[PDB]
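Since the structure comes first, as structure tokens, the remarks are kept for the end.
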Amino acid sequence: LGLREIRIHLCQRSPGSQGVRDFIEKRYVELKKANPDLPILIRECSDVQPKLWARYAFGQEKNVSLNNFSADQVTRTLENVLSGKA
Amino acid sequence: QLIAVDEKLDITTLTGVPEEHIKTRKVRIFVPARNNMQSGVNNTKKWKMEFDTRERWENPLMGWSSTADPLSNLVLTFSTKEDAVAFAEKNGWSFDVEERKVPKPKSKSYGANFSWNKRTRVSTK
Amino acid sequence: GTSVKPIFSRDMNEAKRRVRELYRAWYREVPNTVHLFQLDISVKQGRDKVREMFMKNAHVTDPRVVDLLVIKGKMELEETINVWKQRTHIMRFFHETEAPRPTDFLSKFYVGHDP
Amino acid sequence: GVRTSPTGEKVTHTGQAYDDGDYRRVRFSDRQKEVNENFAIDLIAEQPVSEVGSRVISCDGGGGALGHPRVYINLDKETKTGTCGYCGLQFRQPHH
Amino acid sequence: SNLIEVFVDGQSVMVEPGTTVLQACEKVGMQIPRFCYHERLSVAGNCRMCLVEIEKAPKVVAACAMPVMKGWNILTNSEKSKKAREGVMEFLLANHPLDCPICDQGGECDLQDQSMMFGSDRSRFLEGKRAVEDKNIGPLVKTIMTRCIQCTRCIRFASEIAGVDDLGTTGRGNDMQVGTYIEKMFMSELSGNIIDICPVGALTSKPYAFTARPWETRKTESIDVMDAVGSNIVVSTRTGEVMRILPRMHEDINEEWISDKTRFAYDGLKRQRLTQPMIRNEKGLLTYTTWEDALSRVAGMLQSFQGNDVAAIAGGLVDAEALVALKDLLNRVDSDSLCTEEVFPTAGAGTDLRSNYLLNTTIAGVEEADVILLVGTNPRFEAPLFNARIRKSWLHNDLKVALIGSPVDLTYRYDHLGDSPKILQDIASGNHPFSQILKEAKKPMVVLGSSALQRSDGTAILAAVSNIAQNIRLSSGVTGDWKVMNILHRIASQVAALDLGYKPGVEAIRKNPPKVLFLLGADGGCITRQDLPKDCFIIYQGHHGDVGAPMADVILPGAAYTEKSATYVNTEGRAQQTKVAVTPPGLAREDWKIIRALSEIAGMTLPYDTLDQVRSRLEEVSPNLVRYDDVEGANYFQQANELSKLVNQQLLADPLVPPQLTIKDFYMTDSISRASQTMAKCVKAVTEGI
Amino acid sequence: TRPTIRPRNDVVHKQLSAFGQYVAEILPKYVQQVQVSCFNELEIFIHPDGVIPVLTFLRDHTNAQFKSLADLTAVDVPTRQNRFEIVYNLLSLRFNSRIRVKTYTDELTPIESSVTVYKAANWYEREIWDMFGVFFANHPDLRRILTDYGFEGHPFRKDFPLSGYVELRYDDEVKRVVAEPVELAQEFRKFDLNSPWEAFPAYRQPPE
Amino acid sequence: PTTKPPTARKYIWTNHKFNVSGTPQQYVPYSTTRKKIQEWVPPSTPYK
Ligand code: SF4
Ligand code: SF4
Ligand code: FES
Ligand SMILES: [Mg+2]
Ligand SMILES: [Zn+2]
């Protein structure tokens with residue numbers, strides 16, 4: 001329940017990461033200003049599929065696929081992760 | 001008449017190799033780099049398969065160098081990378097492949113040694 | 001198609017039948033081996049060892065490889081029956097002078113560098 | 001130029017001697033440690049420097065073909081002598 | 001296209017204009033014999049070994065210098081070519097000394113090999129030989145000039161690559177000698193390379209002298225960790241011992257050169273080594289113990305404390321496997337105090353965006369760029385091969401270089417704008433002539449040194465540099481995919497640690513001092529026991545006894561970079577892996593294995609047992625860490641600049657002074673080079689000449 | 001090119017080339033290639049299926065009469081999909097000539113035994129099976145010939161290590177000779193001897 | 001050696017020794033090279 005880190009793995013030119021790319025181009029800045037002390041590590045994947053990792057207290061962490069998501073779906077996923085959902 | 005199998009080639013049970021020296025080994029497949037001490041390139045033509053380096057220690061008598069892994073001197077030569085990969089796969093060895101490094105072509109101009117307005121002009125011959 | 005020439009068996013069923021023949025031959029032979037070589041093991045130990053050797057190759061799915069394994073097992077049985085092997089060769093299957101090598105990560109870490 | 005260690009073990013010309021706490025010294029108990037007493041470095045140190053009246057000298061180690069490959073040694077430097085890289089013999093041009 | 005057709009022994013080849021006969025021959029896999037020609041040096045044409053016959057041409061030509069003409073048929077193996085080679089080899093060997101048994105070059109000598117392949121088998125020279133005196137040029141390069149064949153390779157390298165004009169030829173005729181004409185030391189950060197380019201035993205390695213022959217050495221291809229350049233190297237080993245370091249050709253990183261620290265500091269691997277676990281005695285002295293006991297004490301302390309009470313510091317020579325293992329272990333205790341010694345500004349994007357802390361242009365991109373601005377850096381000593389690439393593009397592409405900072409010697413002429421940080425703002429506002437110079441550049445390059453980043457205002461400097469880059473981006477339009485903003489690192493472990501999520505600098509530890517402190521190869525002296533509460537438990541894991549080892553309660557001996565297969569990421573962001581050359585000495589163990597064993601004893605066992613599984617974990621944390629030659633990445637400059645505009649920290653009135661001011665500061669910068677006796681000799685030589 | 005250089009024999013070269021063409025014409029079903037070396041040695045490269053029909057022909061034809069099987073061995077080339085080269089060296093006393101017959105196989109494909117053609121082949125095939133792992137179909141008695149009883153592996157394969165995997169010693173606790181994993185007080189020292197300069201331009205390969 | 005005496009050298013043994021195997025004078029092999037890896041010596045004073 002204690003969120004520690006967010007990791008966003010997106011592929012540079014695969015179509016399945018397009019929405020994620022849109023997110024990083026458009027809504028990442030506001031997300032970082034809203035949460036200035038929360039690490040949001042943006043990293044690049046090989047063509048497997050986009051992923052979002054959330055690391056919680058004591059080393060527990062979860063992953064969710066973002067393949068073929070749009071900017072809206074990525075925004076919703078990050079909103080649920082940052083709040084008391086799931 | 002032929003029997004039409006459909007499985008990948010695996011000869012590990014027939015080679016007589018101990019289990020430890022199959023699943024714990026890592027082979028490197030690579031074109032060896034040119035020795036920087038010489039300009040000859042004849043040792044950079046073929047692909048090589050070698051094994052991971054294991055422990056060497058000092059012999060209590062004579063101080064000689066002692067080993068316990070039987071594959072420390074095993075190096076295989078292959079014409080292409082695909083042949084080496086196939087050989088490693090059929091023997092069950094995990095492998096790491098490094099792509100061939102070729103020097104890029106370069107523009108050599110002797111006259112550039114004596115340029116009118118460039119920095120390529122040499123101050124000695 | 002794959003255009004492959006067989007050794008003895010066309011599919012896995014005939015290869016399995018040959019495996020069963022070889023296993024029966026070894027199982028029958030074990031008591032004679034215990035008596036002739038003057039071994040200190042029991043017949044149950046020898047048969048358990050025979051089973052273990054067969055089980056070592058249970059994962060093989062290629063009928064040609066199975067045929068070659070059966071050929072090698074037949075060679076070993078012929079060596080044993082004719083007393084071409086000595087007691088040292090028979091006992092080599094049991095590794096009675098090799099110290100037990102640890103398998104867990106911590107003991108291997110303590111003892112050395114080998115993974 | 002032999003020399004003894006604090007343990008009483010003779011030091012070889014390679015400068016190798018077992019430490020005070022080294023178990024391997026047990027190999028010399030009831031036996032001896034083979035040591036060669038004719039130290040080559042000291043022996044070549046006793047050879048005198050040859051005065052020659054040329055800028056380049058030739059050395060083959062003596063004995064013709066029974067020596068070493070014939071090399072040529074430059075003697076231009078007056079601050080040092082010319083040493084043979086095979087034999088260790090020294091040469092110089094007369095000075096002073 | 002514009003290609004012309006030539007023939008090699010009657011075989012058709014299409015070559016671009018300006019191709020020489022030698023290059024055309026090597027297009028079909030034929031190597032022309034050479035002594036003086038080197039493809040990374042200017043053409044000389046003096047050795048005459050490359051002479052080759054052209055069909056219907058009465059006189060042979062020098063293949064290394066002669067441009068090939070359309071329709072030419074080069075006869076590489078005709079009678080004329082072979083006789084020319086034999087004659088030239090005879091001339092080369094007439095005065096050469098009979099030194100092969102005592103010469104270190106023997107067995108890897110181009111003179112020997114080309115005599116065997118292209119020369120005759122006997123002699124007919126019946127005179128006496130010339131002998132020349134030796135020149136002292138430092139403690140690194142041993143000189144025996146009777147073996148010199150007058151190739152001029154060392155002179156051309158010193159002039160063109162190293163930018164030092166101290167070598168030359170004196171006299172003429174048979175008496176021509178290569179040297180300095182005065183007693184002078186050729187002490188350059190790239191000096192040792194003249195050993196490799198010298199074809200003969202005239203120039204040899206002094207530390208390596210007499211120790212090994214080339215045929216008995218095993219070659220391990222690996223990566224250098226002495227800086228953040230990531231030069232590809234070969235470690236020569238014999239009978240379980242490291243013999244020497246040689247360059248390994250990589251066109252996009254280091255070509256075929258290495259720095260002198262990469263080449264000669266390996267002897268420090270043989271001194272001051274940690275070989276056994278150690279624990280404090282009742283008195284307070286360090287005493288040997290087993291792995292079991294030391295790990296049990298560490299595990300008990302680890303189970304005692306939690307959260308902020310546990311912190312870790314990563315040194316400059318740490319690999320990614322150990323970094324991720326330690327991060328996972330401290331996360332299991334719910335500690336996020338994973339810190340490096342090298343400070344990077346966390347304001348704004350921080351380490352969220354990778355391109356914020358990378359050399360985005362890449363080393364090869366320097367060749368393309370028209371202009372480069374360097375801020376608070378002395379690239380010559382912080383990243384010698386990057387400086388060599390800058391000089392290469394300065395020489396061949398007429399690159400314009402400007403520097404903000406202390407006016408150091410870079411071996412090329414540069415426009416010095418000063419050392420005040422305010423110049424950056426003066427450039428960003430457009431009130432500077434260099435602002436206009438940058439605006440009209442087609443491929444501008446801004447490089448900010450990570451050493452500049454060490455200063456407290458570092459954030460203000462980074463913001464100003466980013467603002468300069470933004471002004472370039474907007475005013476001069478968009479060129480496509482060309483990266484302007486660059487960060488040059490000096491620490492081999494920094495980029496991997498930033499990729500893995502470590503906090504740059506030890507500010508977190510100073511904010512909340514820990515009860516338990518893990519020092520993973522940390523020898524920078526950033527945190528001492530005066531900065532920590534009394535009875536603090538300090539654990540040092542490493543390979544050398546430096547500043548860090550003495551103050552620890554428990555010592556865990558780890559593996560050096562030559563003794564493990566491990567991942568390092570360079571300044572560019574490119575991940576590479578080393579290989580095991582020799583196993584760790586004594587009881588020392590692989591570092592990630594030490595951490596995993598500790599996690600098992602502490603009850604929070606980590607999910608990986610083998611190196612492949614630890615690399616899979618690395619892929620889970622940051623995937624670029626398993627792509628072992630990739631240098632491509634997304635450009636996220638807009639977001640980083642927008643986030644950096646948030647806060648307005650002030651600059652200081654302190655001139656930008658790099659830590660490396662002269663050559664004497666270059667030799668010792670880490671625990672391995674501080675333990676090196678060769679580096680001590682180099683420091684002694686450059687401090688007092690004599 | 002006088003005293004130092006080995007002399008040539010054009011007459012034997014022409015005769016061997018003509019006989020190789022003869023053999024290739026008579027047996028097109030199996031013959032893949034014919035070669036004559038510059039020191040006058042004839043090689044015939046055949047498909048494996050033709051091992052028996054070719055050898056029999058070379059033994060029984062009135063113009064061949066290759067009655068003697070001098071040697072039969074294998075060569076291991078790991079880069080090839082078919083690993084093992086099988087070499088038959090035959091001698092004809094009637095025509096005072098020698099011939100070489102070459103074929104190929106991999107680890108899992110049997111080769112027809114030639115004991116019905118040459119009885120001498122028996123032990124040779126055993127040796128091949130012992131040293132390379134090539135199985136010969138319809139061999140009267142196929143088993144190890146050179147290696148120790150119970151020995152595992154085929155030592156002459158290129159990937160088999162020089163010192164093997166196990167060594168032997170006498171153990172007093174069990175009062176017998178035992179086999180244990182090999183440990184060497186001095187490791188064999190690998191030497192890198194190849195010069196980085198090309199030796200023979202006449203054998204240069206295309207640079208791909 | 002009475003009519004053709006051997007050449008004199010200062011390093012030649014003046015006293016010939018026979019096969020001394022099985023005696024306390026027997027040859028015992030040992031490594032003649034120096035120690036290769038040098039261990040760190042911890043400071044001799046308490047650190048607190
Ligand atoms: S440089 Fe080469 S040829 Fe000359 S002495 Fe040395 S090894 Fe021999
Ligand atoms: S020292 Fe070496 S590189 Fe320099 S001139 Fe002589 S042979 Fe050429
Ligand atoms: S290589 Fe062309 S003259 Fe030297
Ligand atoms: Mg040299
Ligand atoms: Zn001499």
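For the structure tokens, the naming scheme is as follows: chains receive sequential letters (A, B, ...) according to their order of presentation, residues are indexed from 1 within each chain, and ligands are indexed from 1 in presentation order.
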Residues within 9 Å of region 50-56 of chain D, please, as a PDB file with N, CA, C and O atoms, in the first residue's frame. Count only C-alpha atoms; anything in the same chain fewer than 6 positions from it doesn't count.
ATOM      1  N   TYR D  72      75.922  -5.528 -31.980  1.00  0.00           N
ATOM      2  CA  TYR D  72      76.718  -4.312 -32.013  1.00  0.00           C
ATOM      3  C   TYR D  72      76.193  -3.333 -30.973  1.00  0.00           C
ATOM      4  O   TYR D  72      74.981  -3.147 -30.834  1.00  0.00           O
ATOM      5  N   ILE D  73      77.117  -2.719 -30.242  1.00  0.00           N
ATOM      6  CA  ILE D  73      76.816  -1.910 -29.071  1.00  0.00           C
ATOM      7  C   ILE D  73      77.376  -0.514 -29.297  1.00  0.00           C
ATOM      8  O   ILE D  73      78.561  -0.358 -29.617  1.00  0.00           O
ATOM      9  N   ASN D  74      76.518   0.489 -29.137  1.00  0.00           N
ATOM     10  CA  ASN D  74      76.904   1.883 -29.290  1.00  0.00           C
ATOM     11  C   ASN D  74      77.519   2.404 -27.997  1.00  0.00           C
ATOM     12  O   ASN D  74      77.051   2.092 -26.900  1.00  0.00           O
ATOM     13  N   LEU D  75      78.580   3.200 -28.130  1.00  0.00           N
ATOM     14  CA  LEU D  75      79.324   3.690 -26.974  1.00  0.00           C
ATOM     15  C   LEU D  75      79.412   5.212 -26.960  1.00  0.00           C
ATOM     16  O   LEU D  75      80.353   5.776 -26.402  1.00  0.00           O
ATOM     17  N   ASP D  76      78.434   5.888 -27.567  1.00  0.00           N
ATOM     18  CA  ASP D  76      78.460   7.346 -27.635  1.00  0.00           C
ATOM     19  C   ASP D  76      78.278   7.996 -26.270  1.00  0.00           C
ATOM     20  O   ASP D  76      78.901   9.027 -25.995  1.00  0.00           O
ATOM     21  N   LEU D  89      78.739  -8.310 -20.553  1.00  0.00           N
ATOM     22  CA  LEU D  89      80.034  -7.651 -20.619  1.00  0.00           C
ATOM     23  C   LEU D  89      79.867  -6.174 -20.952  1.00  0.00           C
ATOM     24  O   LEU D  89      78.980  -5.781 -21.713  1.00  0.00           O
ATOM     25  N   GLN D  90      80.733  -5.351 -20.369  1.00  0.00           N
ATOM     26  CA  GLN D  90      80.628  -3.904 -20.468  1.00  0.00           C
ATOM     27  C   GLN D  90      81.784  -3.342 -21.281  1.00  0.00           C
ATOM     28  O   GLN D  90      82.898  -3.872 -21.248  1.00  0.00           O
ATOM     29  N   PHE D  91      81.504  -2.272 -22.021  1.00  0.00           N
ATOM     30  CA  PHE D  91      82.476  -1.632 -22.891  1.00  0.00           C
ATOM     31  C   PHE D  91      82.342  -0.122 -22.764  1.00  0.00           C
ATOM     32  O   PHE D  91      81.272   0.395 -22.438  1.00  0.00           O
ATOM     33  N   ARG D  92      83.442   0.583 -23.016  1.00  0.00           N
ATOM     34  CA  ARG D  92      83.408   2.038 -23.042  1.00  0.00           C
ATOM     35  C   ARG D  92      84.576   2.557 -23.863  1.00  0.00           C
ATOM     36  O   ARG D  92      85.586   1.873 -24.049  1.00  0.00           O
ATOM     37  N   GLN D  93      84.416   3.762 -24.353  1.00  0.00           N
ATOM     38  CA  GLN D  93      85.472   4.547 -24.965  1.00  0.00           C
ATOM     39  C   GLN D  93      86.307   5.222 -23.882  1.00  0.00           C
ATOM     40  O   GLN D  93      85.771   5.643 -22.852  1.00  0.00           O
ATOM     41  N   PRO D  94      87.620   5.332 -24.080  1.00  0.00           N
ATOM     42  CA  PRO D  94      88.464   5.964 -23.058  1.00  0.00           C
ATOM     43  C   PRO D  94      88.056   7.412 -22.827  1.00  0.00           C
ATOM     44  O   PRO D  94      87.830   8.171 -23.771  1.00  0.00           O
TER      45      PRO D  94
ATOM     46  N   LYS E 129      77.219  -3.717 -38.613  1.00  0.00           N
ATOM     47  CA  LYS E 129      75.924  -3.077 -38.444  1.00  0.00           C
ATOM     48  C   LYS E 129      76.058  -1.771 -37.672  1.00  0.00           C
ATOM     49  O   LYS E 129      76.982  -1.578 -36.881  1.00  0.00           O
ATOM     50  N   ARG E 130      75.115  -0.871 -37.918  1.00  0.00           N
ATOM     51  CA  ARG E 130      75.023   0.364 -37.160  1.00  0.00           C
ATOM     52  C   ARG E 130      74.390   0.104 -35.797  1.00  0.00           C
ATOM     53  O   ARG E 130      73.524  -0.761 -35.645  1.00  0.00           O
ATOM     54  N   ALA E 131      74.853   0.851 -34.800  1.00  0.00           N
ATOM     55  CA  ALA E 131      74.293   0.802 -33.459  1.00  0.00           C
ATOM     56  C   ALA E 131      74.077   2.227 -32.980  1.00  0.00           C
ATOM     57  O   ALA E 131      74.981   3.059 -33.083  1.00  0.00           O
ATOM     58  N   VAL E 132      72.883   2.508 -32.467  1.00  0.00           N
ATOM     59  CA  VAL E 132      72.543   3.841 -31.995  1.00  0.00           C
ATOM     60  C   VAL E 132      72.297   3.784 -30.496  1.00  0.00           C
ATOM     61  O   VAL E 132      72.014   2.729 -29.923  1.00  0.00           O
TER      62      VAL E 132
END
Mind listing the strand (DSSP E or B) residues of region 20-79 of chain A, per DSSP on the backbone, as a ChimeraX atom specification?
/A:40-45,51-56,61-65
Write out, as a tab-separated table (two decimals), in the first residue's frame, the residues just selected, with C-alpha atoms.
chain	number	residue	atom	x	y	z
A	40	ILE	CA	8.93	7.59	-12.28
A	41	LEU	CA	11.63	5.78	-14.25
A	42	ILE	CA	11.03	5.91	-18.01
A	43	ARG	CA	12.96	3.13	-19.76
A	44	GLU	CA	13.03	1.61	-23.23
A	45	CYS	CA	12.00	-1.96	-24.06
A	51	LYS	CA	4.79	-2.44	-19.21
A	52	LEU	CA	4.08	-0.50	-16.03
A	53	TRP	CA	5.74	-1.56	-12.78
A	54	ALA	CA	4.78	-0.34	-9.31
A	55	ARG	CA	7.14	-1.05	-6.41
A	56	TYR	CA	5.66	-0.90	-2.91
A	61	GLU	CA	5.99	-5.00	-6.82
A	62	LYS	CA	3.36	-5.51	-9.51
A	63	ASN	CA	3.34	-5.21	-13.30
A	64	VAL	CA	0.57	-4.41	-15.78
A	65	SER	CA	0.75	-4.55	-19.57
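Taking only C-alpha atoms and all ligand atoms into account, the protein and nucleic acid residues that come at most 6 Å from ligand 3 are residues 34, 35, 36, 37, 45, 46, 47, 48, 49, 50, 62, 63 and 64 of chain E.
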Please check which protein, DNA or RNA residues sit within 12 Å of ligand 4, counting only C-alpha atoms and all ligand atoms, and write them as a VMD selection string.
(chain B and resid 36 to 39) or (chain E and resid 35 103 to 111 141 to 145 147 to 149 151 153 to 154 192 to 206 208 to 209)
Distance limit 6 Å, reference ligand 5, atoms considered: only C-alpha atoms and all ligand atoms. Which residues make the cut? Give them as a PDB file with C-alpha atoms, in the first residue's frame.
ATOM      1  CA  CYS D  59      80.191  -8.794 -28.988  1.00  0.00           C
ATOM      2  CA  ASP D  60      79.402 -12.466 -29.572  1.00  0.00           C
ATOM      3  CA  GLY D  61      80.168 -13.742 -26.061  1.00  0.00           C
ATOM      4  CA  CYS D  84      75.747  -6.643 -23.910  1.00  0.00           C
ATOM      5  CA  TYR D  86      73.215 -11.425 -23.941  1.00  0.00           C
ATOM      6  CA  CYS D  87      76.462 -11.697 -21.953  1.00  0.00           C
ATOM      7  CA  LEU D  89      80.034  -7.651 -20.619  1.00  0.00           C
TER       8      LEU D  89
END
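Between CA of residue 446 (chain E) and CA of residue 374 (chain E) there is a distance of 6.3 Å.
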Within 9 Å of residue 33 (chain F), counting only C-alpha atoms, which residues qualify if same-chain residues fewer than 6 places away don't, as number ranges by chain?
F: 24, 43-46
Can I get the selection written as a short mmCIF file (atom, residue, chain, number, x, y, z; two decimals), in the first residue's frame, with C-alpha atoms?
data_model
loop_
_atom_site.label_atom_id
_atom_site.label_comp_id
_atom_site.auth_asym_id
_atom_site.auth_seq_id
_atom_site.Cartn_x
_atom_site.Cartn_y
_atom_site.Cartn_z
CA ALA F 24 32.23 -40.75 -62.76
CA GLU F 43 39.68 -38.59 -54.78
CA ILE F 44 36.05 -39.49 -55.51
CA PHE F 45 33.34 -37.76 -53.46
CA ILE F 46 30.14 -39.81 -53.31
#
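Across the structure, CA of residue 502 (chain E) and CA of residue 482 (chain E) are spaced 28.6 Å apart.
Residues of chain F having any atom within 6 Å of chain E, counting only C-alpha atoms, are residues 191, 192, 193 and 207 of chain F.
With only C-alpha atoms and all ligand atoms as the atoms that count, the minimum distance from ligand 2 to the choices E:525, E:168, E:584, E:247 is reached by E:168.
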If we count only C-alpha atoms and set the cut-off at 9 Å, which residues sit around residue 35 (chain B), ignoring sequence neighbours fewer than 4 positions away in its own chain? Please answer as a count of residues only.
10
Restrict the calculation to only C-alpha atoms, then for each residue of region 4-111 of chain B with any atom at most 9 Å from an atom of region 175-188 of chain F give the closest atom pair and their distance in Å to one decimal, rows by chain and rising residue number, as CSV.
residue,atom,partner,partner_atom,distance
B:56,CA,F:187,CA,8.6
B:58,CA,F:185,CA,8.5
B:59,CA,F:185,CA,6.0
B:61,CA,F:185,CA,8.9
B:64,CA,F:186,CA,5.6
B:65,CA,F:186,CA,5.3
B:66,CA,F:185,CA,4.7
B:67,CA,F:187,CA,5.7
B:68,CA,F:183,CA,4.7
B:69,CA,F:183,CA,7.5
B:70,CA,F:182,CA,7.2
B:72,CA,F:187,CA,8.7
B:73,CA,F:188,CA,7.7
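Straight-line separation from CA of residue 174 (chain E) to CA of residue 126 (chain E): 16.8 Å.
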